[PDB]
Every structure is written in C-alpha cells, then in structure tokens.
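Enquirer: sequence and experimental coordinates follow.
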6 protein chains.
Amino acid sequence: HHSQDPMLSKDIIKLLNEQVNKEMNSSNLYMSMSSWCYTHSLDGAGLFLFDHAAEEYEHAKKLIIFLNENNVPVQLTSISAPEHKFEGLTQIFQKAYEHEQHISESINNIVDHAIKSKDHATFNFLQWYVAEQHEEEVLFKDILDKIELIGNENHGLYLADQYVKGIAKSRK
Amino acid sequence: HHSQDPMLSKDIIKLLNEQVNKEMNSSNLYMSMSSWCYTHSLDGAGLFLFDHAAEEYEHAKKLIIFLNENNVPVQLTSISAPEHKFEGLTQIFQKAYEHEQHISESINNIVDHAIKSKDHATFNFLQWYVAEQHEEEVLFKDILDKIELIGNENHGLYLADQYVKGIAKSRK
Amino acid sequence: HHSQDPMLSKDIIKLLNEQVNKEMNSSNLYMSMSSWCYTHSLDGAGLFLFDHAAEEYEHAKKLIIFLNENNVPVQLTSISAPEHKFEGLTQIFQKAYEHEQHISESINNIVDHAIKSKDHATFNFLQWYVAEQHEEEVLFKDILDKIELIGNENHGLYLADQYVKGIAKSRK
Amino acid sequence: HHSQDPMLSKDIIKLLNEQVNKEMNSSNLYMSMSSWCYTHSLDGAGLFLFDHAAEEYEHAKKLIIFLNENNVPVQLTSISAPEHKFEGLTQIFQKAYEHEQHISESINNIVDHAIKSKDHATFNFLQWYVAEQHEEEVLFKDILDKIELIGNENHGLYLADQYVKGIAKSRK
Amino acid sequence: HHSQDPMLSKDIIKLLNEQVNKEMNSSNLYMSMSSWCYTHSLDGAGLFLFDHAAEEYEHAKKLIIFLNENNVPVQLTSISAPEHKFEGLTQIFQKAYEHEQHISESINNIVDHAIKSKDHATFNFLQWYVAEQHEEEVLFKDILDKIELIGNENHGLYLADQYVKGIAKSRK
Amino acid sequence: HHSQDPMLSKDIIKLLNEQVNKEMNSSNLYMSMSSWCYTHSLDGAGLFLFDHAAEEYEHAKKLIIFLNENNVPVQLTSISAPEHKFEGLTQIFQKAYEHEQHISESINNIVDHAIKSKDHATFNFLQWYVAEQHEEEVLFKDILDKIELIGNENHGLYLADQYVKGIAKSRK
Ligand SMILES: [Fe+3]
Ligand SMILES: [Fe+3]
Ligand SMILES: [Fe+3]
Ligand SMILES: [Fe+3]
Ligand SMILES: [Fe+3]
Ligand SMILES: [Fe+3]
Ligand SMILES: [Fe+3]
Ligand SMILES: [Fe+3]
Ligand SMILES: [Fe+3]
Ligand SMILES: [Fe+3]
Ligand SMILES: [Fe+3]
Ligand SMILES: [Fe+3]
Ligand SMILES: [Fe+3]
C-alpha cells in the first residue's frame, strides 16, 4: 500500500531529527549531573537535575510526535555518553548553564530555518518550545547566580543545596 | 566533606546499571519501530509502540531513583542507534515479543542474584518491575497472537492496526 | 494460524496444573464436610465450611487465569469423590487443619521451584496465594483450638458451633 | 443428639444430587474448552467460556444450599477428566450448545418429577434455575448462529472471537 | 485441653524471637540517643530519634503479633542497657547509621533462612519489614550525609538540628 | 555550648527514671503473659494482655517526654527477662492484679514526694497517670472477680476468655 510522503522539507527533517537527539542527550547529561550531586550529599541539586532531565526527555517526545504526524521518519542515531566527572556544584551549574545556552541557540537555528523556507506550520509548532526553553535558560542563570552569591565556604554548599531543593519542590 | 559509600554490592550495582542502559536502548528501539508504523499508515501500532517506548524510559527512571537513594553512581553509557528498517507489522511484533522475552530474562537474572547475595532490599524493590514486565510480555504475546490470527490478506493490516489502536487507547 | 508457545517451563506447568486440581479436590472435600455438619444440626460449621469450599474454588480460578494468560493448557484431571462419612465436629476440623497444612506445603514447594528455576513472574504472582493460604491455615488452627478448649460435654457442641457461626458471618 | 430427617423424597434427593454433579462436570468441561480457546489465540471465546464455567459452579452451589436447608446429604461423586482435545471454534460451540440442551432436558426432568410427586417447594425453588438455564441455552444458540454466519475463512475466526469477546464483557 | 503446636520451625522461631529482642533494644538505644540530644540543646534530633525509637517498638509489636498467630511462644530475655555516653551529634548519627546497617543485615539473614527452609508464609510476612527497614536505613544515611556536609563549626550544630527537626515534623 | 541544668530535683529525677524502667519491665511481663494465653488457646486474654502491654509502654514514653522537656537525662537500664511459665488463666490474672496494685503504690509514692518537695509541676503532670492507673487497677480487679465467678469447670475457661475478649475489643 502507498503511504503519503513526508510533509516537511529535507532540511527541516534533518534539523528536527538532530533536535530529538540533542534533547535525549540532554536528559542523560542531567541524569549524570544529578547522580554526581546525589552521591556527594547534594540531594537538593540531585532532585532538581533529575526532574529537569525528565523534562528534557518530554521535549524529545513532543518533537517525535510532531515528526510522526507529518509522516517524517524518526531516524535515531546513538545518544552520546554524558560527561560524568565533575569538580563540584558550581562547576556543574556553570556547565549546565552553558549547555542551556547551546540548546537555546539550536532552537533559534531551527526557527530561523523555518522562516527562510516559509515553513510556518513548523514555526508555529515550535513556539511552546521556544517559550519553555527560555524559561529553562533563565532558571539555570538564576540558580548559577545564587550558587555564586552563596559560595562554597562556611556551610555554603548546604545553603545552596537547600535553595535548589526549594526550587525543585516548587516546580512540582 | 565525606559522603557515605554505596549501599549496594559491586555485582548488584553492575547489574542495575546495565539494566538502566538496557531500558534506554529498548526505549529508542521502540521509538524506531513506532516511527516505521506511523510512516507506513499504521498509526494504531505507531501509537501503541510510542507509548510503550515512553513506559520503558519510565522504568529506567525508577531504576535510577533506586540507585540515587542507595548512593550508587549511575553509569550512563552511549545508547545504541536502533534498527531503522523493518519488513512489516508482523516482523515488528515478532521482534518486539522476542525482545520482551529477553528483558524478562534479564530481570529474572537480577532478582536471582539478589537472592544469592541476600540483598533483600533490592529483591523487594524489584517486585513492581517483575510484575509490570510480566504484564508487558503477556501483552506483546497477545498482540502477536492476534496479528497472526488476522493475517495480512485483503484488509488484514487495517484490522490488526485498529485492534492495536484499541489496546493503546484503553491503556491510557 | 500460529499461536505462541507456553510462557512457563514444563516443571512449573506441571506443578501449577496439579495445584488447580488440588484446589478443586479441596472444594469438594469442604462441601462434603459442610453437608455433614448441616445434617447433624451444626449449621454454624456448615456455613463456615461451605464458604471455605467456595473460596478454594476461587483460588483454582485465579490459578487457571494465570495459566491462560501464559498460553499454558489447563489440564483438569480425574479426582476421587470426597470422603462423606465423619465421626464428629472435632474430627472434621482435625482433618481440615491437617489438610490445610498439606496445601500450605504444596504451595511452598511451587514457590521454591520458582526460585530454583528463576521464574520470578510466577514467584511474584503466587504471593497473594501464599498470604491467603497462611491466613486460612491460621484460621483452621484457631477454630480447632477453640473446639478443643470448649469440648463435647453438655452444650459443648452448641457453643462450638455458635463460635464458628460467628466467624463465618464476620468473614462475609 | 437427634437431627431431623431429610425433608425431600428419595427420588428428588437422587435427582438433585445428580444435578449438582452435572453442574460440577459442566464447569470442568467449560474450563477445558476455555483453555483450548486461550491457547489457540481465541481469547474472546476463552473469556466467555471461563466466565460460563464459573456460572455453572454458582448453580451447583445454589443447589447445594437447597439440599443443606432441607437436611439432605450432599453426595458428590468422582470427577472424570473433561475432554481436552477439540477441532476448532465451531466444534467447541456445537458441542457446547448440545451440552446446554442436555442440561435443559435434565432440569425439565427434575421439575416434572417434582410435579408428579407433588413436591411444590422443590418446583418453586427450581424456577430461577429453569429461567437462567433457558437464557444460557438461547445464548449458546445465538453464539453458534453467529459463528456459522461469519465462517472461518478470510479473518472469520478473528471476527467471531471479537463478537464473543463483546458478549463476554457485556455480561460482566 | 490440647493446643496446637507452633506453626513455624525451631530455627525460624529462634530468629524471630531474637529479632523481637533486637527491635526492643533498638527502641531503647534510640531513646538514649534522643535524651542525649534533648539535654544538649538539640531538640530537633531529640524529636527525630524519639519518634524513630517509637517506630522500632512498633516493629517489635508486629513481630510479636506474627508469633502469636502462629502459636509460637514469645520467650523474651533481657533487653540490654543502651549505650548512653556520646561525643556529639555526628557520632550519634554515625553510630545510628552503623546500627541500622546491622539491623538490615539481621533481617536479610531471617529472609534468607526462610527461603532455605521453604517457609514462604514467613518470607511473605517479612516483606513490609524489609521495605520499611530499607527506607529507615536510607533515611539515616541521608541525615548522616547532611550532618557531615554541614559540620559543627559556625552555627553548624544549629543548622543540622533544624534540618533534622524539619524531617521529624514531615514524617508525622 | 552551655545547655541548661535539669529542671527537677535529684530525688524526683531518681523516682521518675525508676518509674520509666518499671513500666518497661511491666510491658514485657504482660507480653509474656499474653503469649502464654495465645499458646494455650486463650486468644481473648492474649489480646487483652498484649494491648495492655502496649499501653504500659505508652506510659513509659509519656514519662520520657516529661524528662526530656525538663532537660533531665533518661537513665535506661537493662530490662528484666519476664517470667515465662504460668499455671493458668486465674494465676495470670491474680499475678497481674497484684502487680497493678504495686504499680499504683509506686505512683502514689512519686506524687507524695512531689508534694513534700513542693514540686507542683510534677504533681500536676502526674495526674493523668494517677487517673489512668486507677482505671487499669479497677479493670484488673473486675476481670479477676469475673474469672473467679465463672471458674474453670466444664466450659469455664472458654466463657472467661470470651468475656475478656469482649473487654479487649470494647477498649479499642
Ligand atoms: Fe532546556
Ligand atoms: Fe530544552
Ligand atoms: Fe518491557
Ligand atoms: Fe521493561
Ligand atoms: Fe473484512
Ligand atoms: Fe486453603
Ligand atoms: Fe488454599
Ligand atoms: Fe447451563
Ligand atoms: Fe446450568
Ligand atoms: Fe530500623
Ligand atoms: Fe527496624
Ligand atoms: Fe498499669
Ligand atoms: Fe501503669
């Protein structure tokens, strides 16, 4: 039997498939960072990062749903192993914020390509993703700001972890 | 600062970490199978397999939570690129059933090792997973039985896909 | 058309089928004991034993459901007629308690084999059955204890039957 | 102590005890037919026949209750293994319908003997059973009619089994 | 009058009686640790440890109930006086965590013995206890981790005690 | 850091600590008596005495709370191994009543010392304990009266145990 051709252009198909991969890779990076925190007495940051990991996977799933509805094959390649060696809480959040900046850039790139190719169905679909990613990037900026304001001396790590724990619980 | 040692034995840690990566590999395989179905007009099977993929990731997350609570570092590997090419609906479900049989075996192995090492916290924890996996294995057996009962003559594929669609919708 | 192979091992299949037949035999035995009580003015014990007989059939049905879901043929065998002649209330409950001890042993044997063969789906499934049988064995121990505490002399049978009637009604 | 004599005549006692045993044997037959269906990918018919088996045991219990209340000893006979080998769905339901006709005839015989002996307590008691058996006989006639209308070629078995599944679920 | 024999094996009887003693001894150890905290301005830890003491006694009672139901004599020996001299909060929680590890080991031992003797009624009964003890062991690991993360300098003790106070209140 | 001195006098501290250990000794004695009853078919008395044992521990806990709030270190001793062997139901309740009389005397002694030393916080605190102990002493007097009124001829033990069972159930 004949099935209809993919409804998206080759370039958009490529970018969206790559984005699914990026989000799956992100989820595993955040699981790794979360585990580091849990095994170093930082269960507040552990919980926050675990829940964020799960959210990145939810983004991957929403992208997959869009590809499916457009008859676009989801061609999954490998998901690269995440970074696992970390120096401390500050470094983890520095790396996390940098990572979120990279993800924001990748989304801007897809949206820009959608505009150039006049693919406004894709442009329109991506708006929840733009908005949610901005909130996530701002959140990591804010947490990093707070970690650096507190520092790691004189119960600093404890205070920072409890701060992050509060955020984790409030977002549930 | 000093954090407490992992609360599980080396062998149990190895098996559980391997299981996390098994579930992640499985999840992406099911996403690939799901996409094949969606792009070949089989949206019932597409939906069923997508929802199953999501559930396998939920299993991975529950295993991660247990590792975290036991102060065990999670070792996230590179996730395999899944098979992209399939012959048809029957082949997909034959492959899936065989795969679920192998997952069941892997869980039986961990539970067995837990008994041998007298790790009854782990034995007790795994019981939800034993029960859920059994239900999943039976489900795939039932779907395969039905696909083979219907066959792919005349409107056979349509009938089978609609059957699977009904199951997918009933489970959510 | 092709149907999938039984999902359980040959030894486990044999033990489970034997158990179904054991429960059916138990139902008949208890119906016979119940009738003896009813025809000898012991309607309290009659009711208790009738309801217990029905519960043993419920166990048989639950085991059958498990065999069915695993694509295991149910093998219902020839069973002897139950004993119909009894000496009195004490003898009936002595025989019943001994019978429940035998049933408990038979279940312990299946669970043990499940562990040995690493069949943890069956191990997990049987846990309701282990728990319910334990409750039943304790119950028969308690009733036999009370029958022996009361005795057979002046109004003893009446007091014992009313005690058992109370239990029967409270379990409804 | 003295217990009152059976309240029913010897002939009625014989017929009622025979009927209890008939219902027990019927339950076993239907469990066997159900198992055949489940192991041959016909879970709709499997469920229907399992539920019907359970209903036949319920009939046996109601007859037993009546015997108990009349101080009539219940005489349970030996069980012979039910037939376990069958040719297919149509043959199973052909055999089942013939079986239900036999059961209907047996009940008609008891009611006739109740009239002849002026045992109107028993006549009155049996009315629920006459009514329920009639409904069951009509049901099996209807299912057999549908199986024969559908046929066994070109998805026929699937369609028939799904039809029977619908009935099974609607009666729950 | 004759009472039925104990329903458990001699080895299981011994282990369970010893376990009742262990839990009673634990309750008194935790009362002693609690008192130390209360008399050293650490009422958060005082409350937490008092409530935990009460919970260990609840475990002893549940074990006693199981022994009673199985007609097993509860043969209580002395409860050893608890340790009472402590260096500080960290040492108390170090000792407490070590103690919980010992208790977990003792439970694993009983469950292992139940498997070896095929006493699956006891195995099944102990599952709530395995699960609850694991949660308790994890809890003490977590609190010790937090105490060591905070330390005892620069309001450290106050911060740690307030942290533990929060946990105590949340578990009520 | 400096913690405040105990808020009670040396003599009151001694008496209260002795009372805590008296209640713990009592609790285990009642557990022993309860077990004797359960293993000799007297589950009514078994239940009553178990629940009473649990209540005596509750009294110990309330005394501990008062010591804690007054910054008084609790001195937990080794708890005596209770008597295991008893002659019968009557002897158990004679021993229990005599024991409750001695507990009442011990409480009267503490209250008297509180008056003599002008410790009215302690006098006031003990009032719930005076009241509850009086109710308990009266209860044991009443049960002993009833056991002696019934006697242990024919079904006497059964009647007495059922009487006590009614009291046990009514109090919870
Ligand atoms: Fe993000
Ligand atoms: Fe994102
Ligand atoms: Fe699975
Ligand atoms: Fe799985
Ligand atoms: Fe058709
Ligand atoms: Fe039983
Ligand atoms: Fe049973
Ligand atoms: Fe019928
Ligand atoms: Fe019938
Ligand atoms: Fe514990
Ligand atoms: Fe414990
Ligand atoms: Fe008292
Ligand atoms: Fe008292």
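Expert: Alright, I've got the coordinates. Residues are numbered from 1 along each chain as shown, chains lettered A, B, ... in the order given. Ligands and ions are numbered 1, 2, ... in the order given.
Enquirer: secondary structure element for the closest residue to ligand 7 within chain A?
Expert: In chain A, the residue that lies nearest ligand 7 is residue A:54 (43.7 Å; CB to the ion). (C-beta placed from N, C-alpha, C; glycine too.) Per DSSP states H and E: residue A:54 is located in helix A:43-69.
Enquirer: so is that helix next to chain B?
Expert: Yes: counting by CB under 8 Å from any CB of the partner chain, chain B is contacted by helix A:43-69 at A:46, A:50, A:54, A:57, A:61, A:64-65, A:67-68.
Enquirer: neighbour count and distance to ligand 9 added to these, as CSV?
Expert: Shown next, in CSV, are those (neighbours: other CB atoms under 10 Å in any protein chain shown; distance: CB to the ion, whole Å):
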residue, neighbour count, distance to ligand 9
A:46, 24, 62
A:50, 23, 58
A:54, 17, 55
A:57, 23, 55
A:61, 18, 52
A:64, 25, 53
A:65, 15, 52
A:67, 24, 56
A:68, 21, 51
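Enquirer: need the residues of chain A near chain E, please.
Expert: Counting by CB under 8 Å from any CB, chain A sits next to chain E at A:41-43, A:154-155, A:157-158, A:161.
Enquirer: hmm, which of those residues are the buried ones?
Expert: Among the residues of chain A next to chain E, those scoring as buried are A:41-43, A:155, A:157-158, A:161 (criterion: 16 or more other CB atoms under 10 Å in any protein chain shown).
Enquirer: which two among those residues are spaced furthest apart?
Expert: Across those, the longest distance by CB to CB is 15.8 Å; it joins A:43 and A:155.
Enquirer: mind listing the helices for chain A?
Expert: With DSSP state H, the ranges of helices along chain A come out as A:10-38, A:43-69, A:89-116, A:120-125, A:127-150, A:156-171.
Enquirer: ok now the last one, how far from the chain's centre?
Expert: Okay, so that is helix A:156-171. Taking CA atoms, centre = their mean, to the nearest Å, one finds the center of helix A:156-171 at 20 Å from the center of the full chain.
Enquirer: equivalent analysis for the second one, please.
Expert: The gap between where helix A:43-69 is centred and where its chain is centred comes out at 7 Å by CA atoms, centre = their mean.
Enquirer: do the same with the fifth one
Expert: Helix A:127-150 has its C-alpha centroid displaced from the chain centroid by 11 Å (CA atoms, centre = their mean).
Enquirer: what's the angle between that helix and helix A:43-69?
Expert: Orientation note: helix A:127-150 sits at an angle of 160 degrees relative to helix A:43-69 (axes from the mean of the first three to the mean of the last three CA atoms, to 10 degrees).
Enquirer: spatially nearest residue to the residue of chain A found nearest ligand 4, not counting backbone neighbours?
Expert: In chain A, the residue that lies nearest ligand 4 is residue A:57 (16.3 Å; CB to the ion). Excluding the flanking residues, the one nearest residue A:57 by CB to CB, 6 or more residues apart in numbering or on different chains is residue A:27, at 4.2 Å.
Enquirer: next up, the contacts around the one you found.
Expert: A:53-54, A:56-57, A:60 (CB atoms under 8 Å, 6 or more residues apart in numbering or on different chains).
Enquirer: at 10 Å instead, please
Expert: Going by CB atoms under 10 Å, 6 or more residues apart in numbering or on different chains, residue A:27 touches A:52-60, A:79, A:82, B:24, B:57, B:61, B:76.
Enquirer: so how far is chain D from it?
Expert: 38 Å (CB to the nearest CB, to the nearest Å).
Enquirer: what number of residues lie near residue A:113?
Expert: Counted with other CB atoms under 10 Å in any protein chain shown, residues neighbouring residue A:113 total 18.
Enquirer: residues contacting the residue nearest to the residue of chain A closest to ligand 7 when sequence neighbours are not counted?
Expert: Nearest-residue entry for residue A:54: residue B:61, 6.5 Å, with adjacent residues in sequence omitted and distances by CB to CB, 6+ apart. The neighbours of residue B:61, taking CB under 10 Å, 6+ apart as the test, are A:27, A:31, A:50, A:53-54, A:57, B:20, B:23-24.
Enquirer: any idea how far residue B:61 lies from ligand 13?
Expert: Per CB to the ion, to the nearest Å, residue B:61 is found 51 Å from ligand 13.
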